[PDB]
Amino acid sequence: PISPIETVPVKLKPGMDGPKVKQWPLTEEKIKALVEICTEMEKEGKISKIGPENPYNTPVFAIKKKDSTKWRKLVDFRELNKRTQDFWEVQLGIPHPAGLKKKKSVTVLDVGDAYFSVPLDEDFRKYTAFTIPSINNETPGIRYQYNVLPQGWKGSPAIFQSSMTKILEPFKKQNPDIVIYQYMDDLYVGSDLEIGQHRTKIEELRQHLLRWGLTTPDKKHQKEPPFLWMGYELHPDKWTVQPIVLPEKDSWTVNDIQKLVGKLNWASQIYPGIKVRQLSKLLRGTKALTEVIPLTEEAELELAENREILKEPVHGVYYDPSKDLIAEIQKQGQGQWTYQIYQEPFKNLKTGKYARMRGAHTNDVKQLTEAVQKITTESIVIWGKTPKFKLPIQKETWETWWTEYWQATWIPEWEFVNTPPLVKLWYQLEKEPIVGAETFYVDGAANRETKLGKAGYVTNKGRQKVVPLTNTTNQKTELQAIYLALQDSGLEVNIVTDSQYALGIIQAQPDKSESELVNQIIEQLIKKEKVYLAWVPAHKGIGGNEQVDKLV
Amino acid sequence: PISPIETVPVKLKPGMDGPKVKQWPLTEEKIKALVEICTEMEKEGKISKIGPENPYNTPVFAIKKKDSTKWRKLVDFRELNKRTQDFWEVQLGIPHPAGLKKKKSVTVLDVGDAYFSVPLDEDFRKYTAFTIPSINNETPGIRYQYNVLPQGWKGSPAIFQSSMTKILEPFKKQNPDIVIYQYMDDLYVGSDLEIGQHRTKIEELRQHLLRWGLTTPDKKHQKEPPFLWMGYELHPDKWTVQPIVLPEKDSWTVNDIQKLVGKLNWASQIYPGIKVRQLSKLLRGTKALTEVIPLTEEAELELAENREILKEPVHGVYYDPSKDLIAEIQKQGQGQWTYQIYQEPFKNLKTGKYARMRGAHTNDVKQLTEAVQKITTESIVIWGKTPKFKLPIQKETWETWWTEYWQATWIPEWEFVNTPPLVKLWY
Ligand SMILES: N#Cc1ccc(Nc2nc(N)nc(Oc3c(Cl)cccc3Cl)n2)cc1
């Protein structure tokens, strides 16, 4: 019940001191409900009848929720906790199945009542003191102090996992085949013996643990595989997601659209190709929790397609360190990219996606690199290494772009995989002005308050134009001006602008952007033979941009 | 070891709790390295394993010593440094020689090996807790705290300081002209002798240190030349101003001048003395771009006049030791990288350019890291401090591979910029 485990010394935050909270009402029936418990608890040693001497106090309650046979003592350490030091974290990050290793037999022991078996740093006990009131006279009050790890306390999960880890170490050594992972009231044991032998080892471990006061039960309530864990469904050689449920409704409210999207990402770990660009586009209004949102046309289409996917069950395999780790990505098209990581051709190891949420302008190659990075990071966490890649881009493209790009990059081992769609530079801007080419001195300003602007050009050839625009901003005019010149220029053109904004955007060599204006432009860029853009300081600058601004 | 000393009390700045920094996931390979290392460190008593009552944590990495047969543990004490070393920049500040940059040569030797004798005040260890990770986090991390002054922690140099001057004093005596400066874990020794004497004057030091305890692994090679260049040799008197020169040209086109008007207009933020109108007026037209055009009244005047206010460093540019040094690095392409180091926009305390070789053997991420470490060393050598870098590279990529070619024993600070604009032009 309690062990010769060494105790972890504890402490209260620097200035603070023990909790002195009281609660002296008495439900006669319950008082005898607790007393029974304590007597069977002090008898077992987990607590002690304490002497009235400075103990601070803590709330004691009796509980019985459903299908009663027994009660449950419950102390509220919310005030003791708020006074105890910080401890090393627990599971800063939950291990991913995609990276766990194949096993024959897996067993789970119930290590629930365990912590009461683990010792409490003597000195710190003095604070654990609660007080069970004797029914009325305002008596001395049957009073106790904890000797083990209080169910509520701050440092229990820690001090526990700590202790348990130590007790296992030896066993763990003398038995490397056995993976032992504990998860709160659970301690899983997995191996490669055949159920008979496997259950020998289980018992040994069981007995070993017993030698350390931590006991365990043989059989009590739930079932075995699949193991419902951390929203996963675990099998001895396959793994998958908890049955997910896409609801169907007449009206969806933000909170409803959220829980829907969340579930979808979750389902993406393994269900290939799931998309989410649309349903989240809707949640882009972060206010209400019950504001109703009309599933737009796309969102619906999308959600749908997500059902055809989830319709069919799908599961994933484990990691075999003898084989290679491969990774493949494909562009879905709306800034959506997908990938699946495997070692073997048919079942996957894991899948996932990479959307370009960030901002409102980006290229197809940079995005490819962003996705390749997201996976690199993911692999390092999960397999401890980088996967080999297979991607829809040809060196000529890549090697070119990373050469032109102003940012440093490092894309790893990658093999080209010719399969649509494809990633490429749909067009390149010239590096030197084009001789003979008509020069368009573009410009366009807008009235910040009247939201009225103009976009025009004046060419070397004496050609002009000015188009009145309403409901836009300089940036919009600054672009429309470049779009203008493109429309009216010929296959080759030299365009001069005074806007860094505009200049950049174009130069970023964007593949697309739902900003239909930039589209109209990007697409003209594609249709041209040779374009050359040139920046030129605004205000003080050239005299041609002046001659258009005086106009606007 | 028999207690070389008996500990120096260390207290963080009030209103300051020790570090609690997450520990980046790592390559299996690298975990094994760390694992191995710490196992020894644990035997040697340098480090002990800790419990759950130690909530603190500083990150740890594995780097290649200097490509030697094995790895090196590089504790990223940056967090704990700010939380202490700053008030031990005072409490025990190691004074910086303004002449070291003037030496004909400065060598850098690793003396971080010294500290591992000196036990660390006990009430402090708890804060050096660093965690070696588990792949996929299947297993709870292995945990350790430091029993001795640890490398990387700027309170180690400071505590050993005392003991160092002692070790070095009977040498600075017979070498009153050689300057020795200590930064964290390295000794920067500078002499005005022909290299030959210098290098020797160094092994003369290498051994003085050696016969008095310390060990400087710094034995880079031997008589046989498998083309592996010698110890870290910097030449700071040749640390000089870089080229920021306009283009001299026979025939000037409308385009050419345009750019030229921009470069200058950009420069006007560093040099309020530049002008362009007479140069710009030459463009007031809407002429072609391939069209070549000639000067103006004082055009040739302004281009040469400016071309002068631009060939002499700027003024009012003084080093404020209160501020932090800042460094931008823009990718120049084809293996080159420029860099400014400043404390207030445009008032550059120093600029320069790094560059690697030709394709086949080098990438971006390696270059940058190399540039960063060269800019940091330069900065250390000149001001006694490292600069906050404004890195032009997707955070995550950087976080993923910086360690891949890191050889420095320190971690400058840094952040990522997503936009170097016209700057790459001007520089
Ligand atoms: N059913 C099932 C099942 C359970 C566990 C595994 N394989 C496995 N391998 C390793 N290295 N670590 C772990 O650890 C775990 C265990 Cl044993 C149980 C629950 C979660 C985790 Cl992370 N499991 C395989 C199948």
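Residue numbers start from 1 in every chain, and the chains themselves are labelled A, B, ... in the order their sequence lines are given, proteins ahead of strands. Remember, it's 1-based here, ligands and their atoms both numbered in the order they're listed. When reading the values below, keep in mind they use all heavy atoms of this one structure, side chains included, and skip hydrogens, waters and symmetry mates.
In A:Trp239, neither the side chain nor the backbone holds a heavy atom less than 4.0 Å from any atom of ligand 1. With a heavy-atom cut-off of 4.0 Å, A:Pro236 touches ligand 1 through backbone and side chain alike. The part of A:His235 lying near ligand 1 is the backbone, judged by heavy-atom distances below 4.0 Å.
Among all non-hydrogen protein atoms, the one lying nearest atom 7 (N) of ligand 1 is A:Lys101 O, 2.8 Å. Protein heavy atom at the shortest distance from atom 11 (N) of ligand 1 is A:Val179 CG1, 3.3 Å. For atom 3 (C) of ligand 1, the closest non-hydrogen atom on the protein side is A:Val106 CG2, 3.5 Å. Atom 20 (C) of ligand 1 has A:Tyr181 CD2, 3.8 Å as its closest protein atom, hydrogens excluded (heavy atom only).
The shortest N/O to N/O separation between A:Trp229 and ligand 1 does not fall below 3.5 Å. Between A:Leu100 and ligand 1, a contact under 3.5 Å exists for no N or O pair.
In this structure, A:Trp239 and A:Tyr232 have tilted ring planes: the angle between them lies in the 30° to 60° band.
Using modelled atom types, one finds no donor on one side chain facing an acceptor on the other under 3.5 Å when comparing A:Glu370 with B:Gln394. A donor-acceptor contact closer than 3.5 angstrom is absent between the side chains of A:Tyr271 and A:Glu312. Inspection of the A:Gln373 and B:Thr400 side chains reveals an N or O donor paired with an N or O acceptor under 3.5 Å.
Every atom of ligand 1 with a heavy atom of A:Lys103 under 4.0 Å away is listed here by number and element: 7 (N). Near A:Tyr188, meaning under 4.0 Å from any of its heavy atoms, are these atoms of ligand 1: 16 (C), 17 (Cl), 18 (C), 19 (C). Counting atoms of ligand 1 from 1 in the listed order, those under 4.0 Å from a heavy atom of A:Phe227 are 1 (N). Within the listing of ligand 1, atoms 22 (Cl) sit less than 4.0 angstrom from a heavy atom of A:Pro95.
Each of A:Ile326, A:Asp320, A:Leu325, A:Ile382 was scored for a side chain to side chain contact (heavy atoms under 4.5 Å, CB included) with A:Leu349, with one residue passing: A:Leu325. For the side chain to side chain contact (heavy atoms under 4.5 Å, CB included) test with A:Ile202, the passing option among A:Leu193, A:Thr107, A:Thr216, A:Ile195 is A:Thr107; the others fail. For the side chain to side chain contact (heavy atoms under 4.5 Å, CB included) with A:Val314, the lone residue among A:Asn348, A:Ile309, A:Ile270, A:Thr351 that qualifies is A:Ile270.
From B:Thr128, atom OG1 reaches atom CD of B:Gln145 across 6.0 Å, with rounding to the nearest 0.5 Å. B:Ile50 CD1 to B:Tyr144 OH: the interatomic distance, rounded to the nearest 0.5 Å, is 10.5 Å.
Assignment of A:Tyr183 to the shell around ligand 1 is not supported, since no heavy atom sits closer than 4.0 Å.
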